[PDB]
Q: 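Sharing a structure with you now.
Below, read A as the first sequence line, B as the second, and so on, with proteins coming before strands; counting in each chain starts at 1. All values below were derived from every heavy atom in this structure, side-chain atoms included, with hydrogens, water molecules and symmetry-related copies excluded.
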Amino acid sequence: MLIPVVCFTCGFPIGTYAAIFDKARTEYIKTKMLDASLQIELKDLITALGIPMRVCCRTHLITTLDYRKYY
Amino acid sequence: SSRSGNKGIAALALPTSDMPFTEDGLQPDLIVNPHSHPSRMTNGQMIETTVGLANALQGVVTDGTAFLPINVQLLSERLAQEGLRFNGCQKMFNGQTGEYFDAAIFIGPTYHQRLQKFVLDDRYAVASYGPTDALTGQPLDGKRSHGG
Amino acid sequence: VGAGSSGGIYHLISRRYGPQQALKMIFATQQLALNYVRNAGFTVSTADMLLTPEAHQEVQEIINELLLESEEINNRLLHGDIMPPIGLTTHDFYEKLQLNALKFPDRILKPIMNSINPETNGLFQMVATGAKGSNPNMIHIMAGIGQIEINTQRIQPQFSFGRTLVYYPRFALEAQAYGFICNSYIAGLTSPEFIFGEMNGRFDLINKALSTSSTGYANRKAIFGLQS
Amino acid sequence: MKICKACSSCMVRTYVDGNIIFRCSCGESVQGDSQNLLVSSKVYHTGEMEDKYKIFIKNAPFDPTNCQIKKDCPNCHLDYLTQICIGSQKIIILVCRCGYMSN
Amino acid sequence: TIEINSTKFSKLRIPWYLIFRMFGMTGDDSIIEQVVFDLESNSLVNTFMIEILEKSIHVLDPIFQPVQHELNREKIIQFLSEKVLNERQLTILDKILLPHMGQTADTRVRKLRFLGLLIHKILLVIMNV
Amino acid sequence: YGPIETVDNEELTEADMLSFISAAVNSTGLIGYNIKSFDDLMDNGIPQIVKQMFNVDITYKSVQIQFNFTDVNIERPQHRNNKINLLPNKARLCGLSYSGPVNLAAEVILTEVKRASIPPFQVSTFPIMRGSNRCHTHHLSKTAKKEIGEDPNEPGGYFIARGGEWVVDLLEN
Amino acid sequence: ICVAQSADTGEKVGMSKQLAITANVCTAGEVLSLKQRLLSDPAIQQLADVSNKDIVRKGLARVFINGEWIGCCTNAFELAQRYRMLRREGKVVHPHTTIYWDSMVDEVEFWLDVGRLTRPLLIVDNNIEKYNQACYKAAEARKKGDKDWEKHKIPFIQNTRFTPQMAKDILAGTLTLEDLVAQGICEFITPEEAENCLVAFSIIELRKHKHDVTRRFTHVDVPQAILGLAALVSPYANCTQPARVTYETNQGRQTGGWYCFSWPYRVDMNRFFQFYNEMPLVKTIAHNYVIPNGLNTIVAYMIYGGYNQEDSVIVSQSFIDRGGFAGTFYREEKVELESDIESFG
Amino acid sequence: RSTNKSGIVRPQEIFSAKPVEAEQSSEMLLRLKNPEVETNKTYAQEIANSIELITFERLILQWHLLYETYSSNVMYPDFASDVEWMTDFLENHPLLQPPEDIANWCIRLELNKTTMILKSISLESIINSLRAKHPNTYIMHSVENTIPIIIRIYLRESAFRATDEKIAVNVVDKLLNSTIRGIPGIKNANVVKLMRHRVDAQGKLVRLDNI
DNA sequence: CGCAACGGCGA
DNA sequence: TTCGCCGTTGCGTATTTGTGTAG
RNA sequence: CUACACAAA
Ligand SMILES: [Zn+2]
Ligand SMILES: [Zn+2]
Ligand SMILES: [Zn+2]
């Protein structure tokens, strides 16, 4: 229902920056302007968050659905 | 199952130290046999893994809708431009021994689905006693009737 | 070492030492192979099924020559030069000519194998060692599907009078209108090609669905006729 | 068809004995001769295609779903002709909207 | 044979020309014309159609023997009522025979035209055209 | 319309036609056909079925009975606690039918004549599609649906009968 | 009908069909208004004025509305085309009516009954009238003996009026399908009317035959419209063997996820709520309208000890522990009290 | 596969012990005599043509059943230009006189010359087959050495002991179904290349591919 | 949906 | 008088698993 | 227990 506390694959704690990432991503998408928002590159944002260049961690960070955005 | 129709039953669960890992520490959630592909022709899953490898590095979510233009050569070159190999393969080490495989292993994010078929629901074991039919005197039918 | 391989090493082991020894040897050889691949490693990749641009051009040329032969047959039909043999109508003879013309030549493997390293290609090694897959599988994945046949004939004009699909005109003569797929799976079929492939796949699923009941009734009748 | 002139009904043939008597239900007869002596016939694959597809062949140039080919209409001088491939013998008919009906 | 699968009528295969006769237009050539659309027309289409119609008229119906050659509507309609009050049967017939054509007395010649068109289409399919 | 020679389309990509797909799906609503069919039913078809097709006039042995229904109305589902509204979640939990009341008014003619008129009355209850114009969640915001225990992201299209949810199929005819 | 979605096993293969993504079901239209318009049309001869002889002698074409023969017209094609244009305008003829012209029996059929399948198709217009005019001019030049008759001919143009600006407006919510229909950009086509349509399967194919006068498409399709919602979940489905796309349509509907958004207020039986869901890294258009169920698992395609042979999968115990595909299964126990005899205690 | 062998049809024929008339995939393999001559494809093809069943209906372009009779007479107006060859046939066959009890029926058959040549069938062969099989008819034919071949068949009197129309129609059916050449029940007969073993003079077992 | 007795009436 | 025909009845159409729903 | 529906191999 939220971004997981740790990455499902390797256990890196992406949940430390889950909330900061969500709100910073909403902000960064807003200045960059449903599908065109998803194609905005978040490499720099996630790197500035401190998360490493790990396929699993960025995958689970950017793809996890937020229940609050749907309910 | 994957979104390309490749069903699978979870046969083995390994701890994090027993699972194979790439040189940069990436390890799988699922290990899928390559023999599931050649007869089933589920190239969409393979292409989706190749595309999602670069999507995860770029931090994007792209469209893989059917009949959209696709160029697997350009997707592989995109993998190369992202800093990976032309194929999505990487140097992998065996988690149990620590020895690298001689072959680079294709590893990447493939969207997988958990089909609602639970072994805890499907499994059944009955002993020598239980409810029997009044007419035939045989056991009742199946798990629902608590004998069969 | 394959399963169901008459004259294979396990069959000989069973013949000489007993089937239990053959089962033990199957387990032992399986452990040897798996422990070897524990270090060798085996994989299949999207690049394992990708043709080089030169091989792609060669496959395109092969398909173009097939379509050229088909167009020559069509030109013969336009001039009234299609003369069926006795017992065959002009339509049936034309259909046979188109079915033979659009068959993939055995040299379709040359571009496939020029793009393949047999020492490192997981897909090719699975196919060639008999582990899984076939040459038609590799050709469909990499080179092209070719002609879709349902009951040993092309796509019949079921949409309307003389029409196979809403995408093709009435009495179309091009091979693509009757189920010839020029694309491979890796290239990605177009919408009508995917419709024809779906027709073929649904036909296969229906065959598997109804053969079970027919063969089951036959099997029960045979069992009851023979069980005594 | 032999229509009775009194009651407007079909008349039977009744070839009795040496001639043809068009016996009707009401009783009137015409007898007749010559043409009325063909009891039955069958013609094997002679006369087809154009007769049974006359409406379709007429409408073909206006049906947008019919195939077209890049050749001139001699009567009309367009560059395209509607192509028809009818029957099990695959007769190719090129027809134009002007009226050209290349047999 | 034309069969109406309504409530009162079922398994009763009334000959087509009899149904045409019960709705007026007693002329048998006119009944044929309702199927062929042109009585005095050439071409192998109309000839084959008309020959089939001849054979259909000149066959002994095992269950409509008395009215097979009858030319008045009264006897045919009364026979139909027995097998299933003249104006009652003929009014209850049009409530079950092509209601989309209309259910009133006025829409009967057009109902017969539509029935002839249906028979023409079936016989065209018989030609394998 | 303008001319076809001067339509600028060379930069129309294949991912632009997915916008046409989106327009089609948004127009239909992905469920909208059967909700619209049900709305058409209980707006015009049920009145058609009642006002027409039911003006019976029979004669018995002699005696003749003639009566027709003039007004028909279906209300949103109701419950007994003063006729409180029946919410879909309450029907699902309590095992009720999400059926809406049907109100009929009929006039009897006998023939001497006796013009008797019957006041409108509840004749029965008609099952209600979720999201139909007679559903309590028809014109509701997502938050408003959430406060009544409803799924805000679902479109409806089904029936609640004896607690279960049922789908009336699209039959091939 | 989705060409992929079906059962993959059993007798139910191909039994339960699925609507395609753009397919709709028509409601009953104003058949009486169109009937009045047709019977007041000077081009349609009434049934009581033309006899069966005149229909075949003058080549009259029978006109049907909802299967009811209402008259005859001088030429079926012109009447069908005129009413198609009227439907394109949308004022006098409802856009959801079916105008079918049978060229083999010369009949115009109008259908407005409930249950017709419809889908919107973009209209392809061409300059075939101007093309023919140029051809006749070039022929006249040839007759006169001009040595430059080719310059009289004009190239053939066929195209759709859909433009990328309209795509942007559709995505921006300004433009809707109703505005597309009212502007004449697209029209609804029913399977019976689809037999009168020559459809380009893609805008790529329409562009390929843009100047081809021998391929004069009436409409242009969007290739994703041949699939249903569950079939569009599969990514790069046209790169997969279609039977496996059918397999996915079956498996895409048993996938665990957020089975309901109001689950805590429901007492449901045999229902599984999976906590964590992810958008696919490679999503499809099906996820614009339905929630994605599943996770973006990292998958290694490799042999690892022979525990994943014959459709087995080796899973990470840690991935299971962290919540990968974890959820809550729900059962219910409803027991009635019958009458006053029974009670709970 | 394709001669209905689809499904369980052939196994159902085998296991249900279906009769010969109920089989949909009946086939024979016939070897030529003199194993020295079963090596020429042309001879085998000639034999295959010679054994394939040919009925009268396959050589008929069209046939007409006329009520007209003949006297050694009222005639149909359409086939009026036939009197020339009727006179020719009557004068060239002084032994086959028209029946003294000839019946008032006729069958005017138009022969397909292209089919006749393509099957190496002669007019004399057809007429001889017709007379032998159908004694109570009187065959009259045009001249083959030319306008198409016309054959007129008059029922004698004995075909009638049902109206005479019905008897004439059944006689038409019997004539059209009469076999001209070949053995019954053989729709097609194609030549196949056979692999067979044989022992030579040296005692070696050689696989003969050219049979 | 098909297959096969069947048994009663036309030959 | 001995057979075809023809409605007219029955019989049968893979196996083993689950879950519901109702009567 | 008798339907029926949804599923699995
Ligand atoms: Zn990670
Ligand atoms: Zn008379
Ligand atoms: Zn012209």
Q: With nearest nucleotide decided by heavy atoms, which residue, B:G148 or C:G216, maps closer to the 5′ end of DNA chain J?
A: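 Nearest-nucleotide comparison on DNA chain J picks C:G216.
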Q: If the condition is side chain to side chain donor-acceptor pair (under 3.5 Å), which residues does C:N200 pass it with, not counting sequence neighbours?
A: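 Not a single residue meets the side chain to side chain donor-acceptor pair (under 3.5 Å) criterion with C:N200.
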Q: When you check the gap from the basic side-chain N to the acidic O, do B:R40 and G:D311 get nearer than 4.0 Å?
A: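 So B:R40 pairs with G:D311 through a salt bridge.
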Q: Relative to each other, are the rings of G:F319 and G:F325 parallel, tilted or perpendicular (30° and 60° limits)?
A: perpendicular
Q: Looking at every non-hydrogen atom in both residues, tell me the closest pair between G:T240 and B:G44 and how far apart they are.
A: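 Heavy atoms of G:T240 and B:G44 come nearest at OG1-N, 3.1 Å.
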Q: Whenever both distances are under 3.5 Å in a Watson-Crick or G-U wobble pair, mark it; put RNA chain K into dot-bracket that way, with [ ] for crossing pairs and | when the partner is on another strand.
A: ||.||||||
Q: Any side-chain donor-acceptor pair under 3.5 Å between F:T137 and F:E150?
A: no
Q: Expressed in whole Å, how much space separates the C1' atoms belonging to K:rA8 and J:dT13?
A: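 That atom pair is separated by 23 Å.
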Q: Any chance you could list the contact pattern along nucleotides 2-9 of chain K? Use B for base contacts, S for sugar-phosphate-only contacts and - for none, protein heavy atoms under 4.0 Å, 5' to 3'.
A: ----SSSS
Q: Using the ring of each side chain (for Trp, its six-membered ring), is B:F118 parallel, tilted or perpendicular to G:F329, with breaks at 30° and 60°?
A: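 Perpendicular, since the angle between the ring planes exceeds 60°.
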Q: Assign a letter to each nucleotide of nucleotides 18-23 of chain J from its 5' end: B, base within under 4.0 Å of a protein heavy atom; S, sugar-phosphate only; -, no contact.
A: SBBSSS
Q: Could you tell me how far apart C:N207 (CG) and J:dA14 (P) are, to the nearest whole angstrom?
A: 17 Å
Q: With rounding to whole Å, what would you report as the distance between I:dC3 and J:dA14 at their P atoms?
A: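 To the nearest whole Å, 16 Å.
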Q: So which atom in F:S99 and which in F:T125 form the shortest heavy-atom distance, rounded to 0.1 Å?
A: CB-CB, 3.6 Å
Q: Under 4.0 Å between any heavy atoms, over every strand shown, what does C:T215 touch: base, sugar-phosphate, or nothing? Just pick one.
A: nothing
Q: When the P atoms of J:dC11 and K:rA7 are compared, how many Å lie between them, rounded to an integer?
A: 33 Å
Q: Distance between the P atoms of J:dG7 and I:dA11, in whole angstroms?
A: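 The answer is 14 Å between these two P atoms.
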Q: What pair of heavy atoms forms the shortest contact from G:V233 to G:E248, and how long is it?
A: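 Smallest heavy-atom distance, with atoms named: CG1-OE2, 3.3 Å.
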Q: Can you tell me which residue pairs pass the salt bridge (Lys or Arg N to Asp or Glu O under 4.0 Å) test with a partner in residues 158-172 of chain F, sequence neighbours excluded?
A: F:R92-F:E165, F:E165-G:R266
Q: Which value, in whole Å, describes the distance between the P atoms of nucleotides J:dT17 and K:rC1?
A: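 Approximately 15 Å lies between the P atom of J:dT17 and that of K:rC1.
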Q: Give me the atom names and distance for the closest heavy-atom approach of E:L18 to E:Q68.
A: CD2-O, 4.5 Å
Q: For C:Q30, is the CD atom crowded, meaning more than 12 foreign heavy atoms sit under 6.0 Å from it?
A: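 Result for CD/C:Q30: enclosed.
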Q: Any chance you could list the contact pattern along nucleotides 1-11 of chain I? Use B for base contacts, S for sugar-phosphate-only contacts and - for none, protein heavy atoms under 4.0 Å, 5' to 3'.
A: -----------
Q: Establish, from distance only, whether the side-chain atoms of B:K117 and G:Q254 form a donor-acceptor pair under 3.5 Å.
A: no
Q: Separation of C:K221 atom NZ from J:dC11 atom P, in whole Å?
A: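 Spelled out: NZ on C:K221 to P on J:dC11 is 17 Å.
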Q: Please report the C-alpha distance between G:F273 and G:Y330 in whole Å, then the side-chain angles of each, then the deciding distance to 0.1 Å, and finally whether the ring-ring contact (aromatic ring centres under 6.0 Å, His included) criterion is met.
A: CA-CA 8 Å; G:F273 177 80; G:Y330 286 111; 7.7 Å; no
